[PDB]
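Student: This is the structure I have questions about; it appears just below.
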Amino acid sequence: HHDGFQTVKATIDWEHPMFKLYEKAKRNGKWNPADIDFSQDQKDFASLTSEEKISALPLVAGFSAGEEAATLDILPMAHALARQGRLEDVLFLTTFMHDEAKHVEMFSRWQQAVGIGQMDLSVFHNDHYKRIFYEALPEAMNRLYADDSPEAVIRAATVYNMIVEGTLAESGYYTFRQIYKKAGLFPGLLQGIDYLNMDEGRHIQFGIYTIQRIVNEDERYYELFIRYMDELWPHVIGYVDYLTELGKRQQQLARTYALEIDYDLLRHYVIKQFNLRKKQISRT
Amino acid sequence: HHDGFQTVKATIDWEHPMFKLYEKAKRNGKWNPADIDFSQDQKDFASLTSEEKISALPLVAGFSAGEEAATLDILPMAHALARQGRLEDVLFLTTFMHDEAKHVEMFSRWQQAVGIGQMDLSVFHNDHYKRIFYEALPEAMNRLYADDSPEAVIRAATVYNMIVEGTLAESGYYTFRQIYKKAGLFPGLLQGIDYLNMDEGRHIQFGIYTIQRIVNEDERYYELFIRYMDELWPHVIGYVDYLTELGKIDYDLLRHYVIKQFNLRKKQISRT
Ligand SMILES: CCCCCCCCCCCCCCCC(=O)O
Ligand SMILES: CCCCCCCCCCCCCCCC(=O)O
Ligand SMILES: [Fe+2]
Ligand SMILES: [Fe+2]
Ligand SMILES: [Fe+2]
Ligand SMILES: [Fe+2]
Ligand SMILES: [Mn+2]
Ligand SMILES: [Mn+2]
């Protein structure tokens with residue numbers, strides 16, 4: 001039952017940080033995946049050798065499943081904050097969810113356009129990937145339906161916003177630019193990634209706001225955050241190692257396009273992102 | 001756990017009706033309540049007598065609470081269809097939810113601008129209004145977390161889309177235009193109502209799609225739909241009666257518009 005309604009008893013809290021982020025989301029999140037021209041991506045992909053064609057698919061496989069999970073799995077956080085009466089957070093999260101729908105859509109449109117929609121890309125999800133995206137993420141989010149304690153909310157935000165978005169997704173944007181933008185390939189995909197990277201800046205800010213406000217109540221939760229970050233790292237790097245090992249086995253795309261793909265620089269960027277995210281939460 | 005992912009094994013079902021509605025929602029649903037200029041609404045409201053001022057508040061109180069409930073209470077429907085693997089429905093519902101967020105925002109910005117944001121408007125929710133929006137609506141939606149049976153989904157869409165949106169909300173837009181558009185009052189609010197009414201056409205389409213696809217499996221669900229509609233009618237008309245009595249502009253014309261919408265919504269679902 002509803003006890004009453006905030007915008008009947010009072011108004012929206014116009015100065016709330018999540019209302020301000022909601023306003024930025026509406027202003028800055030206008031792109032439509034349906035407007036991206038993928039006709040050159042189709043030609044690029046068809047001109048690749050079958051072995052150059054493979055080079056790109058593990059990353060796309062990781063993002064398609066990642067964004068699809070993100071779309072489904074943010075719903076429990078919106079429910080939990082709604083139940084807590086956090087109306088401005090909920091408003092913001094409608095833009096978060098609609099962003100993720102556009103991200104799932106964008107990657108699926110690319111796969112359709114380049115002619116791999118019919119290919120099952122699950123083969124590029126190794127055990128570490130599955131531990132994060134098939135298991136740990138939905139588990140942490142679904143918990144919130146029955147347990148919205150500070151510990152549960154910190155864990156959900158850590159897995160979703162700080163690891164999946166703030167570490168893996170961020171490193172995936174960078175990787176995509178380091179390879180395909182340098183090669184001059186897949187302009188529509190890169191246009192999509194750029195829009196998506198802009199959206200995700202807000203998503204990470206929501207995760208920081210959420211973790212920090214809970215840490216602010218009791219510094220003890222800061223140790224929980226660091227611990228949960230560290231619990232997931234073995235699967236973060238276990239998946240990065242797998243993609244790295246795949247990239248190192250099929251190198252014709254790098255050879256062909258004179259790319260010196262520095263996977264050790266990429267691996268270093270993942271480590272950088274992970275420690276950067278930790279640093280954006282403070283004990284006090 | 002996730003078993004797999006549709007956009008990894010295959011793609012979005014591009015021809016799905018809810019994917020098509022999602023595409024339409026992106027193309028058509030671009031407005032921003034923050035762009036509406038409410039400066040003349042403030043002057044219009046200050047120009048009213050105290051008695052005229054209060055006459056305007058019950059309808060706004062009903063909408064502000066209604067849109068806030070809608071924002072919160074669509075989440076279980078999104079969850080239940082997500083759990084059923086109905087990805088295109090879920091994509092569409094992200095536009096549904098962000099629409100309701102704009103609707104809540106719009107009416108709250110209007111209250112702030114005209115100077116009643118500090119006034120507790122709960123006094124204009126009578127028992128019938130509370131039965132629907134404080135109780136029946138969240139009850140039917142939340143049920144879906146533990147019971148996503150056809151009967152539960154039909155009931156949820158009936159209360160939310162066919163009664164709250166298709167009957168009360170539709171009749172409220174009409175009412176605002178019959179009274180204030182004709183009076184030349186609150187142009188910012190009426191601009192908002194117009195955008196909101198465009199959005200809500202899609203929301204009603206989702207409810208029709210959802211109810212009819214379940215009805216298509218079994219005509220016993222058609223009778224359930226009609227029963228749930230009739231079960232809520234006394235509170236619908238109990239609230240309309242309350243608003244009409246406060247108003248005392250053809251109220252019998254408005255009251256008949258409500259009945260018209262109610263019967264219209266029933267006729268948009270077919271037994272067959
Ligand atoms: C060799 C370096 C590898 C770099 C890591 C590649 C990461 C692939 C990204 C897939 C998951 C991203 C999903 C984000 C969803 C969301 O917005 O929450
Ligand atoms: C005098 C005739 C009265 C006509 C009916 C007035 C009803 C007031 C509006 C309140 C309901 C708002 C519902 C929100 C709709 C949504 O789910 O998006
Ligand atoms: Fe995100
Ligand atoms: Fe391993
Ligand atoms: Fe609606
Ligand atoms: Fe009554
Ligand atoms: Mn995303
Ligand atoms: Mn609405």
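Quick note on naming: the chains in the structure tokens go A, B, ... in the order shown, residues restart at 1 in each chain, and ligands are numbered from 1 in order of appearance.
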Please run DSSP on the backbone and report, as an MDAnalysis selection string, all residues within range 74-250 of chain A that come out as alpha helix (DSSP H).

Tutor: chainID A and resid 75:83 87:114 127:130 137:143 150:157 170:176 182:183 187:217 220:249

Student: Which residues form the shell of 12 Å around ligand 5 when you count only C-alpha atoms and all ligand atoms, given as a short mmCIF file (atom, residue, chain, number, x, y, z; two decimals) with N, CA and C atoms, in the first residue's frame?

Tutor:
data_model
loop_
_atom_site.label_atom_id
_atom_site.label_comp_id
_atom_site.auth_asym_id
_atom_site.auth_seq_id
_atom_site.Cartn_x
_atom_site.Cartn_y
_atom_site.Cartn_z
N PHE B 63 -4.07 13.79 -10.05
CA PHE B 63 -3.06 13.46 -11.04
C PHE B 63 -1.69 13.28 -10.43
N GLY B 66 -1.60 10.04 -8.81
CA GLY B 66 -1.75 9.00 -9.81
C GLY B 66 -0.47 8.75 -10.58
N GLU B 67 0.21 9.83 -11.02
CA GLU B 67 1.44 9.62 -11.78
C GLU B 67 2.56 9.08 -10.91
N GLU B 68 2.59 9.47 -9.63
CA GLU B 68 3.62 8.96 -8.73
C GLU B 68 3.42 7.48 -8.48
N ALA B 69 2.17 7.07 -8.19
CA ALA B 69 1.85 5.65 -8.09
C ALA B 69 2.26 4.91 -9.35
N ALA B 70 1.94 5.48 -10.51
CA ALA B 70 2.25 4.82 -11.77
C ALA B 70 3.74 4.60 -11.92
N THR B 71 4.54 5.58 -11.51
CA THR B 71 5.99 5.46 -11.66
C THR B 71 6.49 4.29 -10.83
N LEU B 72 6.07 4.25 -9.57
CA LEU B 72 6.49 3.19 -8.67
C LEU B 72 5.92 1.83 -9.08
N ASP B 73 4.67 1.79 -9.52
CA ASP B 73 3.91 0.55 -9.55
C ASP B 73 4.01 -0.18 -10.89
N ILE B 74 4.71 0.37 -11.88
CA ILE B 74 4.94 -0.38 -13.12
C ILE B 74 6.13 -1.31 -12.98
N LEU B 93 8.88 -1.14 -21.93
CA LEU B 93 8.48 -0.66 -20.62
C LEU B 93 9.49 0.32 -20.04
N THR B 94 10.74 0.32 -20.51
CA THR B 94 11.64 1.40 -20.08
C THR B 94 11.14 2.76 -20.56
N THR B 95 10.50 2.84 -21.74
CA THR B 95 9.94 4.12 -22.18
C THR B 95 8.66 4.44 -21.41
N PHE B 96 7.85 3.42 -21.10
CA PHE B 96 6.68 3.61 -20.25
C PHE B 96 7.07 4.25 -18.92
N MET B 97 8.08 3.67 -18.26
CA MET B 97 8.46 4.13 -16.93
C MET B 97 9.04 5.54 -16.99
N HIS B 98 9.85 5.82 -18.01
CA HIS B 98 10.43 7.15 -18.10
C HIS B 98 9.35 8.18 -18.47
N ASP B 99 8.31 7.75 -19.19
CA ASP B 99 7.17 8.64 -19.40
C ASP B 99 6.51 9.01 -18.07
N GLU B 100 6.24 8.02 -17.19
CA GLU B 100 5.56 8.33 -15.94
C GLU B 100 6.41 9.25 -15.09
N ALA B 101 7.73 9.10 -15.17
CA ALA B 101 8.63 9.99 -14.44
C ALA B 101 8.43 11.43 -14.92
N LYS B 102 8.36 11.62 -16.23
CA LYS B 102 8.06 12.96 -16.75
C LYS B 102 6.69 13.42 -16.28
N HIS B 103 5.70 12.54 -16.25
CA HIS B 103 4.38 12.98 -15.82
C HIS B 103 4.40 13.48 -14.37
N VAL B 104 4.99 12.69 -13.46
CA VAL B 104 5.14 13.12 -12.06
C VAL B 104 5.84 14.47 -12.00
N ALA B 157 -2.82 -5.42 -15.51
CA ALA B 157 -3.02 -4.54 -16.67
C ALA B 157 -4.40 -3.91 -16.66
N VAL B 159 -6.23 -3.05 -13.91
CA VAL B 159 -6.28 -1.94 -12.97
C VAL B 159 -5.42 -0.79 -13.47
N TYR B 160 -4.20 -1.09 -13.89
CA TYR B 160 -3.24 -0.05 -14.25
C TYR B 160 -3.60 0.61 -15.57
N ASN B 161 -3.71 -0.18 -16.64
CA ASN B 161 -3.83 0.42 -17.97
C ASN B 161 -5.27 0.72 -18.34
N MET B 162 -6.21 -0.14 -17.99
CA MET B 162 -7.56 0.08 -18.49
C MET B 162 -8.38 0.97 -17.59
N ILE B 163 -8.19 0.89 -16.27
CA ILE B 163 -8.95 1.71 -15.33
C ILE B 163 -8.18 2.99 -15.03
N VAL B 164 -7.00 2.87 -14.42
CA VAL B 164 -6.25 4.08 -14.06
C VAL B 164 -5.93 4.93 -15.29
N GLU B 165 -5.37 4.33 -16.35
CA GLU B 165 -4.99 5.15 -17.52
C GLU B 165 -6.16 5.31 -18.48
N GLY B 166 -6.79 4.20 -18.88
CA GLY B 166 -7.79 4.25 -19.93
C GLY B 166 -9.10 4.89 -19.53
N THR B 167 -9.41 4.92 -18.23
CA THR B 167 -10.68 5.49 -17.77
C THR B 167 -10.46 6.78 -17.00
N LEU B 168 -9.76 6.74 -15.87
CA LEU B 168 -9.61 7.95 -15.07
C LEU B 168 -8.70 8.98 -15.73
N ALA B 169 -7.50 8.57 -16.14
CA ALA B 169 -6.56 9.55 -16.71
C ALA B 169 -7.11 10.18 -17.99
N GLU B 170 -7.63 9.36 -18.89
CA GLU B 170 -8.23 9.90 -20.11
C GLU B 170 -9.30 10.93 -19.78
N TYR B 195 1.21 16.69 -24.03
CA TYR B 195 2.31 15.74 -24.21
C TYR B 195 2.00 14.43 -23.49
N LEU B 196 1.49 14.54 -22.28
CA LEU B 196 1.19 13.37 -21.46
C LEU B 196 0.14 12.50 -22.14
N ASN B 197 -0.87 13.13 -22.73
CA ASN B 197 -1.92 12.37 -23.41
C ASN B 197 -1.36 11.59 -24.59
N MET B 198 -0.37 12.15 -25.31
CA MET B 198 0.26 11.42 -26.40
C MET B 198 1.00 10.19 -25.87
N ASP B 199 1.79 10.38 -24.80
CA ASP B 199 2.48 9.25 -24.19
C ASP B 199 1.49 8.16 -23.82
N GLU B 200 0.38 8.55 -23.19
CA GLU B 200 -0.49 7.56 -22.55
C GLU B 200 -1.24 6.72 -23.58
N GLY B 201 -1.36 7.21 -24.80
CA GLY B 201 -1.86 6.37 -25.88
C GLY B 201 -1.03 5.11 -26.05
N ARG B 202 0.30 5.24 -25.94
CA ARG B 202 1.13 4.06 -26.05
C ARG B 202 0.90 3.13 -24.86
N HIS B 203 0.76 3.71 -23.67
CA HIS B 203 0.61 2.90 -22.47
C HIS B 203 -0.66 2.07 -22.55
N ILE B 204 -1.73 2.66 -23.08
CA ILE B 204 -2.98 1.93 -23.24
C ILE B 204 -2.82 0.83 -24.28
N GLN B 205 -2.06 1.09 -25.35
CA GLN B 205 -1.78 0.06 -26.34
C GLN B 205 -1.07 -1.14 -25.73
N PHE B 206 -0.12 -0.89 -24.82
CA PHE B 206 0.55 -1.98 -24.11
C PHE B 206 -0.45 -2.79 -23.28
N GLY B 207 -1.37 -2.11 -22.59
CA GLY B 207 -2.34 -2.84 -21.79
C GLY B 207 -3.26 -3.68 -22.65
#

Student: Could the residues of chain A that have an atom at most 6 Å from ligand 7 be listed as a Markdown table, each with its closest atom pair and the distance in Å to one decimal, counting only C-alpha atoms and all ligand atoms and ordered by chain and ascending residue number?

Tutor:
| residue | atom | partner | partner_atom_place_in_ligand_line | distance |
| --- | --- | --- | --- | --- |
| A:67 | CA | ligand 7 | 1 (Mn) | 5.1 |
| A:100 | CA | ligand 7 | 1 (Mn) | 4.6 |
| A:103 | CA | ligand 7 | 1 (Mn) | 5.3 |

Student: Using the selection just defined, write its residues with C-alpha atoms as a PDB file, in the first residue's frame.

Tutor:
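Resulting contents of out-v7.pdb:
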ATOM      1  CA  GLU A  67      23.771  -4.809 -21.659  1.00  0.00           C
ATOM      2  CA  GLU A 100      20.386   0.177 -21.055  1.00  0.00           C
ATOM      3  CA  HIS A 103      22.610  -0.222 -25.390  1.00  0.00           C
TER       4      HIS A 103
END

Student: Check which residues fall inside 10 Å of ligand 6 when counting only C-alpha atoms and all ligand atoms, and print them as JSON, numbers by chain.

Tutor: {"B": [126, 127, 128, 129, 234, 235, 237, 238, 239, 241, 242]}

Student: Please provide as a VMD selection string all residues within 8 Å of residue 212 in chain B, with the sequence filter that same-chain residues fewer than 4 positions apart are discarded (counting only C-alpha atoms).

Tutor: chain B and resid 208 216 269 to 270

Student: Go ahead and dump the residues you just picked, N, CA and C atoms, as an mmCIF file, in the first residue's frame.

Tutor:
data_model
loop_
_atom_site.group_PDB
_atom_site.id
_atom_site.type_symbol
_atom_site.label_atom_id
_atom_site.label_comp_id
_atom_site.auth_asym_id
_atom_site.auth_seq_id
_atom_site.Cartn_x
_atom_site.Cartn_y
_atom_site.Cartn_z
ATOM 1 N N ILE B 208 -3.693 -3.134 -23.786
ATOM 2 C CA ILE B 208 -4.535 -3.899 -24.706
ATOM 3 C C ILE B 208 -3.769 -5.108 -25.239
ATOM 4 N N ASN B 216 -6.367 -14.424 -25.653
ATOM 5 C CA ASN B 216 -6.301 -15.284 -26.833
ATOM 6 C C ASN B 216 -6.063 -16.737 -26.465
ATOM 7 N N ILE B 269 -11.100 -5.031 -25.863
ATOM 8 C CA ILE B 269 -10.703 -6.422 -25.669
ATOM 9 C C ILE B 269 -11.825 -7.280 -26.240
ATOM 10 N N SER B 270 -11.478 -8.254 -27.070
ATOM 11 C CA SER B 270 -12.480 -9.138 -27.652
ATOM 12 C C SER B 270 -12.382 -10.525 -27.038
#

Student: Only residues of chain A matter here; which ones have an atom within 8 Å of chain B, counting only C-alpha atoms? Give them as a short mmCIF file (atom, residue, chain, number, x, y, z; two decimals) with C-alpha atoms, in the first residue's frame.

Tutor:
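Wrote it out as result-v6.cif, contents follow:
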data_model
loop_
_atom_site.label_atom_id
_atom_site.label_comp_id
_atom_site.auth_asym_id
_atom_site.auth_seq_id
_atom_site.Cartn_x
_atom_site.Cartn_y
_atom_site.Cartn_z
CA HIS A 1 0.00 0.00 0.00
CA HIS A 2 1.06 3.61 -0.50
CA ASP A 3 1.02 5.64 2.72
CA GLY A 4 0.87 8.89 0.81
CA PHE A 5 2.62 10.58 -2.10
CA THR A 7 4.28 15.15 -4.84
CA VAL A 8 0.92 15.54 -3.13
CA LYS A 9 2.21 16.27 0.36
CA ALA A 10 5.11 18.37 -0.96
CA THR A 11 7.12 18.40 -4.20
CA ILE A 12 10.04 16.66 -5.80
CA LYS A 26 17.10 13.90 -20.19
CA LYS A 30 18.66 11.87 -26.66
CA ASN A 32 18.41 6.71 -30.80
CA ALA A 61 29.50 -11.07 -27.29
CA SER A 64 25.50 -7.75 -25.86
CA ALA A 65 25.04 -10.09 -22.91
CA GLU A 68 20.95 -7.35 -21.73
CA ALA A 69 21.74 -8.39 -18.16
CA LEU A 72 16.86 -6.85 -16.70
CA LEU A 75 14.83 -3.44 -11.84
CA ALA A 78 14.68 0.65 -8.66
CA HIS A 79 12.17 -1.40 -6.63
CA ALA A 82 11.17 3.04 -4.51
CA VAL A 90 13.62 6.29 -9.01
CA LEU A 91 13.11 9.12 -11.47
CA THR A 94 13.99 5.40 -15.35
CA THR A 95 16.65 7.09 -17.50
CA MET A 97 16.92 1.64 -17.55
CA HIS A 98 15.98 3.31 -20.81
CA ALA A 101 17.57 -0.70 -23.45
CA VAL A 104 21.16 -3.71 -25.86
CA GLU A 105 19.42 -2.45 -28.97
CA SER A 108 21.87 -6.18 -31.53
CA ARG A 109 21.35 -3.82 -34.49
CA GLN A 111 25.00 -7.84 -35.21
CA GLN A 112 21.92 -7.89 -37.46
CA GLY A 117 22.54 -12.09 -35.86
CA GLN A 118 22.03 -15.82 -36.48
CA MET A 119 25.39 -16.80 -34.92
CA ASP A 120 25.28 -17.96 -31.29
CA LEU A 121 27.99 -15.83 -29.64
CA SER A 122 27.72 -17.60 -26.25
CA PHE A 133 27.11 -11.89 -15.67
CA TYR A 134 25.11 -15.12 -15.53
CA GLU A 135 25.41 -15.54 -11.73
CA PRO A 138 21.58 -11.24 -10.95
CA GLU A 139 22.15 -12.75 -7.52
#

Student: Check the smallest atom-to-atom distance from each of B:254, B:86, B:16, B:47 to residue 179 in chain B using only C-alpha atoms, then report the winner.

Tutor: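 With only C-alpha atoms as the atom set, the closest residue is B:254.
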
Student: Which residue out of A:263, A:225, A:239, A:45 has the minimum interatomic distance to ligand 4 when only C-alpha atoms and all ligand atoms are used?

Tutor: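 The answer is A:239, which sits nearest to ligand 4.
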
Student: Any idea what's packed within 12 Å of residue 243 in chain A, counting only C-alpha atoms, ignoring anything in its chain fewer than 2 positions away? Could you give it as a PyMOL selection string?

Tutor: chain A and resi 54-62+124-126+128-129+168+172+175+236-241+245-250+263-264+266-267

Student: Kindly save the residues from that selection, with C-alpha atoms included, as a CSV table (one decimal), in the first residue's frame.

Tutor:
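The result, stored in part-v7.csv:
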chain,number,residue,atom,x,y,z
A,54,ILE,CA,36.4,-13.4,-35.6
A,55,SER,CA,38.7,-10.9,-33.9
A,56,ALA,CA,35.8,-8.6,-33.0
A,57,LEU,CA,33.1,-11.1,-31.9
A,58,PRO,CA,34.3,-11.9,-28.4
A,59,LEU,CA,34.1,-8.3,-27.3
A,60,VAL,CA,30.6,-7.9,-29.0
A,61,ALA,CA,29.5,-11.1,-27.3
A,62,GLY,CA,30.6,-9.7,-23.9
A,124,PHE,CA,32.9,-16.5,-26.1
A,125,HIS,CA,31.6,-16.4,-22.5
A,126,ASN,CA,34.1,-18.3,-20.5
A,128,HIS,CA,34.7,-16.2,-15.4
A,129,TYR,CA,32.4,-14.2,-17.6
A,168,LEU,CA,34.6,-4.0,-17.5
A,172,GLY,CA,35.6,-2.4,-23.2
A,175,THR,CA,39.6,-1.4,-26.1
A,236,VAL,CA,37.4,-9.6,-13.9
A,237,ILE,CA,41.0,-10.5,-14.7
A,238,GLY,CA,40.1,-14.1,-15.5
A,239,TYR,CA,37.8,-12.8,-18.3
A,240,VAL,CA,40.3,-10.1,-19.4
A,241,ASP,CA,43.0,-12.8,-19.6
A,245,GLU,CA,44.5,-14.9,-25.0
A,246,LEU,CA,41.9,-15.0,-27.8
A,247,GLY,CA,43.2,-11.7,-29.2
A,248,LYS,CA,46.7,-13.1,-29.2
A,249,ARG,CA,45.7,-16.2,-31.0
A,250,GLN,CA,43.9,-14.4,-33.9
A,263,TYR,CA,47.1,-6.2,-24.7
A,264,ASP,CA,49.4,-5.5,-21.8
A,266,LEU,CA,44.7,-2.9,-22.1
A,267,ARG,CA,45.2,-5.3,-19.2

Student: Name the residues, by chain letter and number, that sit within 6 Å of ligand 3 using only C-alpha atoms and all ligand atoms, and give them as a list in words.

Tutor: residues 100, 165, 200 and 203 of chain A

Student: Leaving out residue 171 in chain A and any residue of its chain fewer than 2 positions from it, which residues lie within 8 Å of it when counting only C-alpha atoms, given as a PDB file with N, CA and C atoms, in the first residue's frame?

Tutor:
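Just written: around.pdb:
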ATOM      1  N   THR A 167      34.431  -0.923 -14.352  1.00  0.00           N
ATOM      2  CA  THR A 167      35.691  -1.591 -14.646  1.00  0.00           C
ATOM      3  C   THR A 167      35.650  -2.284 -15.999  1.00  0.00           C
ATOM      4  N   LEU A 168      34.713  -3.221 -16.197  1.00  0.00           N
ATOM      5  CA  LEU A 168      34.647  -3.957 -17.452  1.00  0.00           C
ATOM      6  C   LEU A 168      34.138  -3.091 -18.595  1.00  0.00           C
ATOM      7  N   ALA A 169      32.983  -2.450 -18.420  1.00  0.00           N
ATOM      8  CA  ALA A 169      32.431  -1.694 -19.546  1.00  0.00           C
ATOM      9  C   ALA A 169      33.390  -0.603 -19.983  1.00  0.00           C
ATOM     10  N   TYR A 173      35.015  -0.065 -23.711  1.00  0.00           N
ATOM     11  CA  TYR A 173      34.981   1.105 -24.605  1.00  0.00           C
ATOM     12  C   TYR A 173      36.383   1.434 -25.088  1.00  0.00           C
ATOM     13  N   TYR A 174      37.317   1.512 -24.148  1.00  0.00           N
ATOM     14  CA  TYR A 174      38.693   1.878 -24.467  1.00  0.00           C
ATOM     15  C   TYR A 174      39.291   0.901 -25.467  1.00  0.00           C
ATOM     16  N   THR A 175      39.124  -0.393 -25.200  1.00  0.00           N
ATOM     17  CA  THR A 175      39.632  -1.438 -26.080  1.00  0.00           C
ATOM     18  C   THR A 175      39.063  -1.292 -27.471  1.00  0.00           C
ATOM     19  N   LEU A 266      46.155  -2.730 -22.439  1.00  0.00           N
ATOM     20  CA  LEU A 266      44.743  -2.927 -22.129  1.00  0.00           C
ATOM     21  C   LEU A 266      44.572  -3.536 -20.747  1.00  0.00           C
ATOM     22  N   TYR A 269      44.963  -1.077 -18.326  1.00  0.00           N
ATOM     23  CA  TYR A 269      43.853  -0.133 -18.215  1.00  0.00           C
ATOM     24  C   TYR A 269      42.757  -0.702 -17.322  1.00  0.00           C
ATOM     25  N   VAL A 270      42.494  -2.003 -17.433  1.00  0.00           N
ATOM     26  CA  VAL A 270      41.538  -2.653 -16.537  1.00  0.00           C
ATOM     27  C   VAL A 270      41.969  -2.489 -15.085  1.00  0.00           C
ATOM     28  N   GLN A 273      41.321   1.012 -14.033  1.00  0.00           N
ATOM     29  CA  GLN A 273      39.913   1.329 -13.792  1.00  0.00           C
ATOM     30  C   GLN A 273      39.479   0.828 -12.426  1.00  0.00           C
TER      31      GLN A 273
END

Student: Just want the 8 Å neighbourhood of range 190-195 of chain A, counted on only C-alpha atoms, with same-chain residues fewer than 2 positions away dropped. Output as an NGL selection string.

Tutor: :A and (31 or 33 or 36 or 106 or 173 or 176-177 or 180-181 or 186-188 or 197-199)

Student: Give me a file of those residues, with N, CA, C and O atoms, as a short mmCIF file (atom, residue, chain, number, x, y, z; two decimals), in the first residue's frame.

Tutor:
data_model
loop_
_atom_site.label_atom_id
_atom_site.label_comp_id
_atom_site.auth_asym_id
_atom_site.auth_seq_id
_atom_site.Cartn_x
_atom_site.Cartn_y
_atom_site.Cartn_z
N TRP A 31 20.08 10.28 -27.92
CA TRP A 31 20.37 9.46 -29.09
C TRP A 31 19.41 8.29 -29.23
O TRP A 31 18.86 7.78 -28.25
N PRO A 33 19.48 4.51 -31.13
CA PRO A 33 20.24 3.53 -31.92
C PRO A 33 19.71 3.32 -33.33
O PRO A 33 20.48 2.96 -34.24
N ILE A 36 21.46 5.27 -36.24
CA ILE A 36 22.87 5.04 -36.57
C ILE A 36 22.93 4.33 -37.92
O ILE A 36 22.21 3.36 -38.17
N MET A 106 21.47 -1.26 -29.54
CA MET A 106 22.56 -0.87 -30.44
C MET A 106 23.40 -2.07 -30.85
O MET A 106 23.64 -2.30 -32.04
N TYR A 173 35.01 -0.07 -23.71
CA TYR A 173 34.98 1.10 -24.61
C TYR A 173 36.38 1.43 -25.09
O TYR A 173 36.62 1.67 -26.28
N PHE A 176 37.77 -1.02 -27.57
CA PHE A 176 37.16 -0.92 -28.89
C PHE A 176 37.77 0.22 -29.67
O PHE A 176 38.01 0.08 -30.88
N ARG A 177 38.01 1.35 -29.01
CA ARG A 177 38.64 2.50 -29.66
C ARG A 177 40.10 2.21 -30.00
O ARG A 177 40.57 2.57 -31.09
N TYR A 180 39.54 -0.66 -33.21
CA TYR A 180 38.78 -0.45 -34.43
C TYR A 180 38.76 1.00 -34.87
O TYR A 180 38.73 1.27 -36.08
N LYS A 181 38.82 1.96 -33.95
CA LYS A 181 38.92 3.34 -34.38
C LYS A 181 40.25 3.59 -35.07
O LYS A 181 40.31 4.27 -36.09
N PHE A 186 34.16 0.03 -38.72
CA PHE A 186 32.94 -0.03 -37.92
C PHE A 186 32.57 1.35 -37.38
O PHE A 186 32.37 1.51 -36.18
N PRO A 187 32.38 2.34 -38.25
CA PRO A 187 32.06 3.69 -37.74
C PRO A 187 30.74 3.76 -36.99
O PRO A 187 30.63 4.51 -36.01
N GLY A 188 29.74 2.99 -37.42
CA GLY A 188 28.46 3.01 -36.73
C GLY A 188 28.56 2.40 -35.35
O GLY A 188 27.99 2.92 -34.38
N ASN A 197 29.10 5.32 -23.96
CA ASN A 197 30.09 5.69 -22.95
C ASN A 197 29.64 6.95 -22.21
O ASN A 197 29.79 7.05 -20.98
N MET A 198 29.03 7.90 -22.94
CA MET A 198 28.45 9.10 -22.34
C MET A 198 27.33 8.76 -21.35
O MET A 198 27.28 9.31 -20.23
N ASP A 199 26.41 7.88 -21.74
CA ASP A 199 25.35 7.47 -20.81
C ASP A 199 25.94 6.87 -19.55
O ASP A 199 25.48 7.12 -18.43
#

Student: Using only C-alpha atoms, which residues sit within 9 Å of residue 183 in chain A once same-chain residues fewer than 3 positions away are excluded, as a PyMOL selection string?

Tutor: chain A and resi 178-180+186+253-254+257-259
